[PDB]
Amino acid sequence: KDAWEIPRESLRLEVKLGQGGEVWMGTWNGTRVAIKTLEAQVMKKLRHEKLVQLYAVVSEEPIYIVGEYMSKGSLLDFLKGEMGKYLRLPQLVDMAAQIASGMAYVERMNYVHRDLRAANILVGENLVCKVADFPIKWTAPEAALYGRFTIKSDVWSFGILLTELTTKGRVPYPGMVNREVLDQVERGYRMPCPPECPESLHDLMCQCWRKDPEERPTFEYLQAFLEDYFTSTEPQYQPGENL
Ligand SMILES: CC(C)(C)n1nc(Cc2cccc3ccccc23)c2c(N)ncnc21
């Protein structure tokens, strides 16, 4: 036991959110939190404002891990919902930048987030997106074939995450099954520019999807590129029908 340990008595459950374990909403010290029932020692070293904050942990069966409650659930559910109809490119590039901001912290800390996708991004209020929950379509070849998981395989997945955003939560490589993707991507296939998406944003995706992992961008580059986007790259942006 360490200083992250708390009394299970100090937590009140209220609303169940999901299952799979089970995730609960509730109150701590009479503050609102989320409880994930039955580890995440990785969340102890990591403390960034675009990462879902770990609050506590009950270290005996049944295990309760307590973190900050993100009020809109996954980014995927948030895009497939009533909001994705209104979301345009500035709102999505904003979201992509917060995610890249979190993964650039991960990059500095020399960590790897093996499963990076919109199901694992959590949304709160005012388009706050945070990285959490530390997939052949989202996975880079070197990782899916030879196990070479690097921050550069996460750059690849982030580039796929950029397709999820620009498509309002569509599944990448549409119409293609897993083995069809593996064999296609190996042969050099990359997804084309999504509808109403600037080629400048798709050019960025194609950088994240380079053959050689070392020639891919950093999130430090990615988050800088995305924050400066509507000034340095597309200051000529007019809102289309969907983007
Ligand atoms: C979508 C749904 C599965 C219901 N979900 N999942 C989470 C993750 C999560 C939950 C509880 C504690 C955590 C502690 C550290 C890191 C993440 C934690 C989560 C959350 N914070 N807030 C709201 N919903 C959440």
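Residues numbered from 1 in each chain as written, not as in the entry; some residues may be left out. Heavy atoms only, no water. Residues with missing side-chain atoms left out of burial classes, pairs and counts.

As recorded in the PDB header, X-ray crystallography is the method behind this entry, and the stated resolution is 2.84 Å.

Looking at the environment of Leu161
Among the structural elements, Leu161 can be located in helix 5 (residues 151-166). Considered as a pair, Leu161 and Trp138 are 23 residues apart in the sequence and their alpha carbons are 7.7 Å apart. For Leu161, the contacting residues outside a window of four places in its chain are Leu75, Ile99, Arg117, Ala118 and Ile121. (Helix = DSSP H or I, 4+ residues; strand = E, 2+ residues; numbered from the N terminus. Contact = heavy atoms within 4.5 Å.)

Observations concerning the nonpolar core
Inside soluble globular proteins, nonpolar side chains tend to come together where they are buried. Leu75, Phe158, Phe219 and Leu226 are the most contacted members of the largest nonpolar core, which totals 53 residues. Of all the elements in the fold, those that place two or more residues in this core are helix 2 (75-79), helix 3 (89-108), strand 6 (121-123), strand 7 (129-131), helix 5, helix 6 (178-186), helix 7 (199-208) and helix 8 (219-227). Take this core: its biggest share by element is 12 residues, from helix 3. Counting residues in each nonpolar core, the second largest holds 8 residues, with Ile35, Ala56, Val58 and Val66 among its members. (Core = buried A, V, L, I, M, F, W, Y, C linked by side-chain atoms within 4.5 Å. Buried < 20%, exposed > 50% of the residue type's maximum accessible area, 1.4 Å probe, protein only.)

Observations concerning the UniProt feature "active site" in the protein
Per the UniProt entry, the sites bearing "active site" are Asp115 in this numbering. Summarising the element assignment, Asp115 is placed in the loop between helix 3 and strand 6. Those residues in contact with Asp115 that lie beyond four places of it in its chain are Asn120 and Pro135. (UniProt positions renumbered as here; feature names shortened; annotations may be inferred.)

Concerning the site of the ligand
The full set close to the ligand counts 14 residues, and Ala34, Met43, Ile65, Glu68 and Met70 are the nearest of them. Between the ligand and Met70 there is a distance of 3.0 Å, counted from a nitrogen atom to a backbone nitrogen or oxygen. When the ligand sits alone it has 520 Å² of accessible area, and the protein chains cover 86% of it. For the shell around the ligand, the elements supplying multiple residues, two or more each, are strand 3 (32-36) and strand 5 (64-68). (Near = heavy atom within 4 Å. Polar contact = N/O pair within 3.5 Å; in protein donor to acceptor, adjacent residues only side chain to side chain. Areas by Shrake-Rupley, 256 points an atom, 1.4 Å probe, with all protein chains shown as cover.)

As for unusual backbone geometry
Following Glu61, the chain continues to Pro62 via a peptide bond in cis, the omega torsion being 0°. Relative to the elements of secondary structure, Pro62 occurs in the loop between strand 4 (54-58) and strand 5. You will see that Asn110, though not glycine, has its phi angle at about 60°, which is positive. Note that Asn110 resides in the loop between helix 3 and strand 6. Despite not being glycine, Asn126 has its phi angle at roughly 60°, a positive value.

Describing the packing of aromatic side chains
Per the stated rule, a full pass over the model turns up 7 aromatic pairs. When the centroid spacing of 6.4 Å and the interplanar angle of 45° are considered together, the rings of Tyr173 and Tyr189 count as tilted. Taken together, the residues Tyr173 in the loop between helix 5 and helix 6 and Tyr189 in the loop between helix 6 and helix 7 connect sequence positions 16 residues apart. For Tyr173, a relative accessible area of 2% corresponds to the buried category. Ring centres of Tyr229 and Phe230 lie 4.9 Å apart, and the angle between their planes is 80°; on these two criteria the pair is classed as edge-to-face. Given a relative accessible area of 0%, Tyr229 falls into the buried group. On the basis of relative accessibility, which here comes to 26%, the residue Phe230 falls in the partly exposed class. (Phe/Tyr/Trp six-rings, centres within 6.5 Å; stacked < 30°, edge-to-face > 60°.)

Structural notes on helix 8
Buried residues of helix 8: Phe219, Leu222, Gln223, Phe225 and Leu226, and no others. Along the axis of helix 8, the buried positions cluster into a sector of 160°, meaning they face one direction only. Seen from the buried face of helix 8, the exposed residues on the opposite side, beyond 90 degrees, are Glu220 and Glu227. Where helix 8 is buried, its residues contact helix 3, helix 5, helix 7 and helix 9 (229-233). At the N-terminal boundary of helix 8, the capping side chain belongs to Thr218, with an oxygen 3.3 Å from the backbone nitrogen of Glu220. (Arc of directions from axis to C-beta.)

Observations regarding the packing of helix 3 against helix 5
One can describe the packing of helix 3 onto helix 5 by two numbers: an axis separation of 10 Å at closest approach and a directional angle of 165°. Relative to helix 5, the element helix 3 lies roughly antiparallel. For the pair helix 3 and helix 5, the sense of crossing is right-handed. Contact residues: helix 3 offers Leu89, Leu92, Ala96, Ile99, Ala100, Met103, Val106 and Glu107, while helix 5 offers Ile151, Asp154, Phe158, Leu161, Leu162, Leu165 and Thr166. Along the lines of polarity and charge, the residues of the contact of helix 3 with helix 5 split into 12 nonpolar, 1 polar and 2 charged. (Axes fitted to C-alpha atoms, helices over the stretch in contact; angles between N-to-C directions. Parallel < 35°, antiparallel > 145°, perpendicular 65-115°, else oblique. Left-handed = near helix turned anticlockwise from the far one by under 90°. Nonpolar A, V, L, I, M, F, W, Y, C, P; charged D, E, K, R; others polar.)

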